[PDB]
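This is final_37.cif (mmCIF, C-alpha atoms and all ligand atoms).
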data_data
#
loop_
_atom_site.label_atom_id
_atom_site.label_comp_id
_atom_site.auth_asym_id
_atom_site.auth_seq_id
_atom_site.Cartn_x
_atom_site.Cartn_y
_atom_site.Cartn_z
CA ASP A 50 27.89 -34.11 -16.95
CA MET A 51 30.08 -31.06 -17.67
CA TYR A 52 28.33 -28.05 -19.33
CA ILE A 53 28.69 -24.33 -20.19
CA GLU A 54 26.30 -21.44 -19.32
CA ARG A 55 26.83 -17.83 -20.49
CA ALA A 56 28.14 -15.16 -18.05
CA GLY A 57 28.04 -12.01 -20.27
CA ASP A 58 29.68 -10.00 -23.07
CA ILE A 59 33.44 -9.53 -23.54
CA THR A 60 33.88 -5.73 -23.38
CA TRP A 61 36.35 -3.18 -21.95
CA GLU A 62 34.04 -1.32 -19.52
CA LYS A 63 34.89 2.42 -19.26
CA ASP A 64 33.54 2.69 -15.66
CA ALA A 65 35.25 -0.50 -14.39
CA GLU A 66 36.42 -1.14 -10.82
CA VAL A 67 40.08 -0.20 -10.14
CA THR A 68 42.14 -2.33 -7.72
CA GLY A 69 44.33 -0.93 -4.94
CA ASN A 70 46.57 -4.08 -5.18
CA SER A 71 48.73 -2.63 -8.01
CA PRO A 72 50.14 0.83 -8.84
CA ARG A 73 48.60 2.89 -11.69
CA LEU A 74 50.42 3.54 -15.01
CA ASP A 75 49.97 7.35 -14.96
CA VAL A 76 47.84 9.93 -13.04
CA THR A 1018 28.46 -21.04 -30.46
CA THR A 1019 27.78 -17.23 -30.17
CA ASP A 1020 30.59 -15.20 -28.67
CA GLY A 1021 31.16 -14.24 -25.00
CA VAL A 1022 32.30 -15.45 -21.55
CA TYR A 1023 30.85 -18.73 -20.19
CA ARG A 1024 30.92 -20.52 -16.80
CA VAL A 1025 32.20 -24.14 -17.11
CA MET A 1026 29.93 -26.13 -14.71
CA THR A 1027 29.80 -29.76 -13.42
CA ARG A 1028 26.46 -31.07 -12.01
CA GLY A 1029 26.55 -33.75 -9.23
CA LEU A 1030 24.27 -35.74 -6.90
CA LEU A 1031 23.37 -32.73 -4.69
CA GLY A 1032 23.66 -29.39 -6.61
CA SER A 1033 25.98 -27.88 -9.25
CA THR A 1034 29.57 -26.47 -9.09
CA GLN A 1035 31.57 -24.08 -11.34
CA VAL A 1036 34.89 -25.78 -12.28
CA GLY A 1037 36.15 -22.84 -14.43
CA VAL A 1038 35.54 -20.04 -16.99
CA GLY A 1039 36.05 -19.79 -20.80
CA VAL A 1040 35.83 -17.60 -23.91
CA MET A 1041 33.68 -18.28 -27.00
CA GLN A 1042 35.14 -16.48 -30.06
CA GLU A 1043 34.87 -17.16 -33.85
CA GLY A 1044 32.88 -20.40 -33.22
CA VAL A 1045 35.60 -21.82 -30.89
CA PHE A 1046 35.40 -22.24 -27.08
CA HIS A 1047 38.72 -21.51 -25.30
CA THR A 1048 39.52 -22.52 -21.72
CA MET A 1049 42.35 -24.01 -19.60
CA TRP A 1050 43.10 -27.78 -19.55
CA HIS A 1051 42.75 -28.21 -15.74
CA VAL A 1052 39.13 -26.89 -15.87
CA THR A 1053 37.76 -29.58 -18.27
CA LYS A 1054 40.65 -32.10 -18.47
CA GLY A 1055 39.57 -32.84 -22.09
CA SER A 1056 35.89 -33.54 -21.19
CA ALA A 1057 33.25 -32.83 -23.87
CA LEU A 1058 30.99 -29.85 -23.03
CA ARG A 1059 27.19 -29.80 -23.29
CA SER A 1060 25.86 -26.42 -24.57
CA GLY A 1061 22.06 -26.47 -24.07
CA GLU A 1062 21.07 -28.71 -27.02
CA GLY A 1063 24.45 -29.07 -28.82
CA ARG A 1064 27.69 -30.78 -27.69
CA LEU A 1065 31.32 -29.55 -28.01
CA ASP A 1066 34.30 -31.90 -28.65
CA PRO A 1067 37.92 -30.77 -27.98
CA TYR A 1068 39.92 -30.00 -31.16
CA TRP A 1069 43.39 -29.05 -29.79
CA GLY A 1070 45.15 -28.80 -26.40
CA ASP A 1071 48.45 -28.44 -24.51
CA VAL A 1072 48.87 -29.77 -20.94
CA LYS A 1073 52.16 -27.89 -20.19
CA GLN A 1074 50.73 -24.51 -21.36
CA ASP A 1075 47.43 -25.53 -19.65
CA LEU A 1076 45.17 -24.62 -22.60
CA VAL A 1077 42.43 -26.33 -24.68
CA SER A 1078 40.13 -25.36 -27.63
CA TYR A 1079 36.77 -26.85 -28.73
CA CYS A 1080 35.19 -26.93 -32.26
CA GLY A 1081 38.36 -25.50 -33.95
CA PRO A 1082 42.01 -24.34 -33.53
CA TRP A 1083 43.31 -21.60 -31.16
CA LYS A 1084 41.91 -18.14 -32.12
CA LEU A 1085 43.01 -15.76 -29.30
CA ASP A 1086 46.10 -14.30 -31.08
CA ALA A 1087 46.29 -11.03 -29.01
CA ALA A 1088 48.94 -10.35 -26.29
CA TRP A 1089 49.79 -7.81 -23.54
CA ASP A 1090 51.86 -4.86 -24.89
CA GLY A 1091 53.93 -4.64 -21.65
CA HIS A 1092 53.43 -0.88 -20.94
CA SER A 1093 49.63 -0.68 -20.32
CA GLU A 1094 46.88 -1.45 -17.85
CA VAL A 1095 44.46 -4.33 -18.46
CA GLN A 1096 40.95 -5.35 -17.39
CA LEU A 1097 40.29 -8.81 -15.91
CA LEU A 1098 36.74 -9.84 -16.84
CA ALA A 1099 36.50 -11.98 -13.68
CA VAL A 1100 33.57 -14.47 -13.65
CA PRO A 1101 33.68 -15.86 -10.05
CA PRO A 1102 31.58 -18.88 -8.82
CA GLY A 1103 28.03 -17.99 -7.67
CA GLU A 1104 28.65 -14.30 -8.47
CA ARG A 1105 28.20 -11.90 -11.43
CA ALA A 1106 30.83 -11.01 -14.05
CA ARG A 1107 32.90 -7.89 -13.40
CA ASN A 1108 35.73 -5.88 -14.97
CA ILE A 1109 38.65 -4.92 -12.64
CA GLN A 1110 41.23 -2.51 -14.07
CA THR A 1111 44.85 -3.15 -13.03
CA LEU A 1112 48.51 -2.75 -14.07
CA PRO A 1113 50.22 -6.16 -14.39
CA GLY A 1114 53.40 -6.76 -12.36
CA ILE A 1115 56.36 -8.98 -13.31
CA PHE A 1116 57.50 -11.48 -10.63
CA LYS A 1117 60.90 -13.24 -10.78
CA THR A 1118 59.82 -16.83 -10.02
CA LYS A 1119 62.24 -19.80 -10.17
CA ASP A 1120 62.26 -20.95 -13.83
CA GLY A 1121 60.84 -17.65 -15.19
CA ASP A 1122 59.93 -13.96 -14.95
CA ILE A 1123 56.14 -14.40 -14.96
CA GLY A 1124 53.86 -11.42 -15.78
CA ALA A 1125 50.61 -11.40 -13.79
CA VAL A 1126 47.55 -9.48 -12.63
CA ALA A 1127 47.71 -9.16 -8.78
CA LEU A 1128 44.07 -10.21 -8.08
CA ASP A 1129 43.23 -13.29 -5.93
CA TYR A 1130 39.86 -14.83 -7.03
CA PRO A 1131 38.54 -18.33 -6.09
CA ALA A 1132 39.39 -21.46 -8.11
CA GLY A 1133 36.55 -21.77 -10.62
CA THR A 1134 37.24 -18.18 -11.76
CA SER A 1135 40.29 -19.58 -13.66
CA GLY A 1136 39.97 -19.25 -17.43
CA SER A 1137 38.45 -15.71 -17.04
CA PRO A 1138 39.64 -13.41 -19.88
CA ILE A 1139 42.06 -10.50 -19.47
CA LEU A 1140 41.39 -7.64 -21.90
CA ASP A 1141 43.24 -4.71 -23.54
CA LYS A 1142 41.87 -1.16 -24.26
CA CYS A 1143 41.07 -2.32 -27.85
CA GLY A 1144 38.65 -5.08 -26.53
CA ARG A 1145 40.81 -8.14 -27.36
CA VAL A 1146 41.36 -11.15 -25.02
CA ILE A 1147 45.15 -11.02 -24.28
CA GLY A 1148 45.30 -14.00 -21.83
CA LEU A 1149 43.25 -16.28 -19.56
CA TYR A 1150 43.35 -15.94 -15.77
CA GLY A 1151 44.78 -18.70 -13.51
CA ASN A 1152 48.55 -19.22 -13.98
CA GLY A 1153 50.19 -15.92 -15.11
CA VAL A 1154 52.32 -15.73 -18.28
CA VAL A 1155 56.05 -16.54 -18.68
CA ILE A 1156 58.40 -13.99 -20.37
CA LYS A 1157 61.72 -14.89 -22.12
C1 LIG B 1 46.86 -13.34 -8.33
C2 LIG B 1 47.45 -14.64 -8.84
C3 LIG B 1 48.97 -14.51 -8.75
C4 LIG B 1 49.58 -15.79 -9.26
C5 LIG B 1 50.13 -15.84 -10.54
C6 LIG B 1 50.67 -17.03 -11.01
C7 LIG B 1 50.66 -18.17 -10.20
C8 LIG B 1 50.11 -18.12 -8.92
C9 LIG B 1 49.56 -16.93 -8.45
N1 LIG B 1 46.98 -14.91 -10.21
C10 LIG B 1 47.33 -14.29 -11.32
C11 LIG B 1 46.64 -14.96 -12.35
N2 LIG B 1 46.63 -14.81 -13.68
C12 LIG B 1 47.23 -13.95 -14.52
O1 LIG B 1 47.91 -13.05 -14.07
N3 LIG B 1 47.04 -14.18 -15.85
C13 LIG B 1 47.57 -13.48 -16.97
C14 LIG B 1 47.64 -14.20 -18.18
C15 LIG B 1 48.14 -13.60 -19.34
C16 LIG B 1 48.54 -12.27 -19.32
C17 LIG B 1 48.48 -11.53 -18.14
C18 LIG B 1 48.95 -10.09 -18.20
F1 LIG B 1 48.27 -9.43 -19.22
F2 LIG B 1 48.74 -9.40 -17.00
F3 LIG B 1 50.32 -10.06 -18.47
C19 LIG B 1 47.99 -12.13 -16.97
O2 LIG B 1 45.95 -15.92 -11.70
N4 LIG B 1 46.18 -15.86 -10.51
#

Translate this structure into structure tokens?
Amino acid sequence: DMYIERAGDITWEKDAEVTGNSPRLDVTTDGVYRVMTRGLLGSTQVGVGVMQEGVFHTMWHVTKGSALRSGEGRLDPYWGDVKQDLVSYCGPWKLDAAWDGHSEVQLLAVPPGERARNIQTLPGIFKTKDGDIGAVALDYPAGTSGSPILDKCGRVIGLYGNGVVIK
């Protein structure tokens, strides 16, 4: 039994936390949800995801294509990609926004057993083997993966877990 419970609103918080890990630039209803999996003993958060325009968005490794219970209703997967590590439920992919490249972002981190929180940060670019990946330099536990990363205009520009390749 894999299910979703709501974590909070998707907003750019003006008085958000600011990380010391990076340098500064200059001196059905929508929201974030915890993807859970109940067991014999207790319950355990496997990931995070975004509900937007009647479509639930998360990463493939969280659910692995499993149907999600949502209180009374049930959510079947519509589309996915294993190599990109993405999956949508109830409709096609709707998060069309992207990082501009010259701005700070807010990670709306939704960690396991802990409240949702915005952390402001400048993304770095890391030359990995087989790509220059852009990433937010913030280590959160596994189960936080799928947490949305936001721009100043409120839009989800990426999901936390794996970085983003640049070509
Ligand atoms: C700290 C750790 C570092 C790490 C990175 C990759 C592999 C292994 C380790 N890390 C980063 C992370 N996620 C993102 O940075 N995601 C993201 C997605 C789209 C867009 C943006 C952008 F807006 F910053 F560019 C970021 O998850 N973990």

Surrounding residues as a PyMOL selection string, ligand LIG 1 (chain B), max 6 Å, only C-alpha atoms and all ligand atoms: chain A and resi 1089+1113+1124-1129+1148-1154

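Rounded to one decimal, atom CA of residue A:60 and atom CA of residue A:1025 lie 19.5 Å from each other.
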
All residues 10 Å or closer to residue A:1103, only C-alpha atoms, same chain fewer than 6 positions away omitted, as a PyMOL selection string: chain A and resi 1024+1034-1035+1133

Within 12 Å of residue A:1070, counting all atoms listed in the file, which residues qualify if same-chain residues fewer than 3 places away don't, as a PDB file with C-alpha atoms, in the coordinates of the input?
ATOM      1  CA  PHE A1046      35.400 -22.240 -27.080  1.00  0.00           C
ATOM      2  CA  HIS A1047      38.720 -21.510 -25.300  1.00  0.00           C
ATOM      3  CA  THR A1048      39.520 -22.520 -21.720  1.00  0.00           C
ATOM      4  CA  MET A1049      42.350 -24.010 -19.600  1.00  0.00           C
ATOM      5  CA  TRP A1050      43.100 -27.780 -19.550  1.00  0.00           C
ATOM      6  CA  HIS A1051      42.750 -28.210 -15.740  1.00  0.00           C
ATOM      7  CA  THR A1053      37.760 -29.580 -18.270  1.00  0.00           C
ATOM      8  CA  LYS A1054      40.650 -32.100 -18.470  1.00  0.00           C
ATOM      9  CA  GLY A1055      39.570 -32.840 -22.090  1.00  0.00           C
ATOM     10  CA  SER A1056      35.890 -33.540 -21.190  1.00  0.00           C
ATOM     11  CA  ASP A1066      34.300 -31.900 -28.650  1.00  0.00           C
ATOM     12  CA  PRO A1067      37.920 -30.770 -27.980  1.00  0.00           C
ATOM     13  CA  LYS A1073      52.160 -27.890 -20.190  1.00  0.00           C
ATOM     14  CA  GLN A1074      50.730 -24.510 -21.360  1.00  0.00           C
ATOM     15  CA  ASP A1075      47.430 -25.530 -19.650  1.00  0.00           C
ATOM     16  CA  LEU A1076      45.170 -24.620 -22.600  1.00  0.00           C
ATOM     17  CA  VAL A1077      42.430 -26.330 -24.680  1.00  0.00           C
ATOM     18  CA  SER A1078      40.130 -25.360 -27.630  1.00  0.00           C
ATOM     19  CA  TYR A1079      36.770 -26.850 -28.730  1.00  0.00           C
ATOM     20  CA  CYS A1080      35.190 -26.930 -32.260  1.00  0.00           C
ATOM     21  CA  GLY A1081      38.360 -25.500 -33.950  1.00  0.00           C
ATOM     22  CA  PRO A1082      42.010 -24.340 -33.530  1.00  0.00           C
ATOM     23  CA  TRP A1083      43.310 -21.600 -31.160  1.00  0.00           C
TER      24      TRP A1083
END

Residues within 10 Å of (33.4, -0.7, -15.5), counting only C-alpha atoms, listed as an mmCIF file with C-alpha atoms, in the frame of the given file:
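point_22.cif written:
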data_model
loop_
_atom_site.group_PDB
_atom_site.id
_atom_site.type_symbol
_atom_site.label_atom_id
_atom_site.label_comp_id
_atom_site.auth_asym_id
_atom_site.auth_seq_id
_atom_site.Cartn_x
_atom_site.Cartn_y
_atom_site.Cartn_z
ATOM 1 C CA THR A 60 33.880 -5.730 -23.380
ATOM 2 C CA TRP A 61 36.350 -3.180 -21.950
ATOM 3 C CA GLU A 62 34.040 -1.320 -19.520
ATOM 4 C CA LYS A 63 34.890 2.420 -19.260
ATOM 5 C CA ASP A 64 33.540 2.690 -15.660
ATOM 6 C CA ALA A 65 35.250 -0.500 -14.390
ATOM 7 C CA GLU A 66 36.420 -1.140 -10.820
ATOM 8 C CA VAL A 67 40.080 -0.200 -10.140
ATOM 9 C CA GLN A 1096 40.950 -5.350 -17.390
ATOM 10 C CA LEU A 1098 36.740 -9.840 -16.840
ATOM 11 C CA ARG A 1107 32.900 -7.890 -13.400
ATOM 12 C CA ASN A 1108 35.730 -5.880 -14.970
ATOM 13 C CA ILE A 1109 38.650 -4.920 -12.640
ATOM 14 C CA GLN A 1110 41.230 -2.510 -14.070
#
